[PDB]
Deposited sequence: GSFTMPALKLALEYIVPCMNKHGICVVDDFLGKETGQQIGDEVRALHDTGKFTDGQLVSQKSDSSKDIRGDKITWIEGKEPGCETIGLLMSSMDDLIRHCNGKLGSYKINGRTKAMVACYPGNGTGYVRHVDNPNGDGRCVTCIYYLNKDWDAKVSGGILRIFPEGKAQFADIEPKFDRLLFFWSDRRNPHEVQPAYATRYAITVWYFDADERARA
């Protein structure tokens, strides 16, 4: 229920906390299909070899426009993220969201790598909202790790997000939300898109 989710949940939660989670976003049939497509990209070698950690390598990535052969349902996910944001009108902060990046599909290989603490957009590059879709069936963070931990600015607490199947996450891309991915001991997939604020971007 896009507009309803938008108006009753995503808008008030973002404006109050700046971090929001939607479980069971596309449902398990579409979700599995996205899973399958991401796995096919992995098995057919479309991912990079992974972030040079040490040689130990971490998260493998691939940029996905949405129209590529074999990425149709990823395309569908993207269109559906786009619908959510659009049905938010201009009510996320005072931002006017007019574009987004392609989809970054990330795959942690399960070798104990994660991702160091960072801010997605620390220097005003246009990106106002980070949108992440998780695809990991029966993820148990107690056993496989890979929690996304956010450190909201000015709070003395963590916000730990499990990379659960069919979960969608929004958070502010700027310094309000430093985050890290804790070590992952199982294959962990996520798809991220960033939304641009027209003014910040016209001006980057």
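In this chain, the deposited residues that lack C-alpha positions fall in the ranges 1-5, 60-66.
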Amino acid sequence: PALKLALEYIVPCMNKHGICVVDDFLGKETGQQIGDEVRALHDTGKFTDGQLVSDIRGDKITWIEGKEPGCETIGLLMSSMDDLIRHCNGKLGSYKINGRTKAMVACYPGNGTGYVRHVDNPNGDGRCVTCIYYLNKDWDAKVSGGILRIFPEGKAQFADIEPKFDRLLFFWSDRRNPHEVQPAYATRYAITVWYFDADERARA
From here on, numbers count along this sequence of modelled residues.
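We call the rigid core the largest set of C-alpha positions that still match within 1.5 Å between the two forms.
Here 84-92 and 71-79 are scored by the root mean square distance of their C-alpha atoms in 5 other deposited structures of this protein, with each structure fitted by the rigid core; the higher score goes to 84-92. Stretch 150-158 is the one, of 30-38 and 150-158, whose CA positions lie farther from the shown form in 5 other deposited structures of this protein once all structures are superposed by the rigid core. Taking only CA atoms, the mean B-factor in the PDB entry is higher for 142-150 than for the other of 169-177 and 142-150. According to the PDB record, 27-35 carries the higher mean C-alpha B-factor of the two stretches 160-168 and 27-35. Note on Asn98, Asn89, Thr113, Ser79: the highest value goes to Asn89, judged by CA B factor as recorded. For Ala204, the recorded CA B-factor ranks within the middle third of the chain. Only modelled residues enter the ranking.
Among all modelled residues in its chain, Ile61 ranks in the lowest third by Cα B-factor. Ranked against the other modelled residues of its chain, the C-alpha B-factor of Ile85 as given in the entry falls in the middle third. In the PDB entry, a CA B factor belonging to the lowest third of its chain's modelled residues is recorded for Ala103. Split the chain's modelled residues into thirds by C-alpha temperature factor. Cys131 is in the lowest one.
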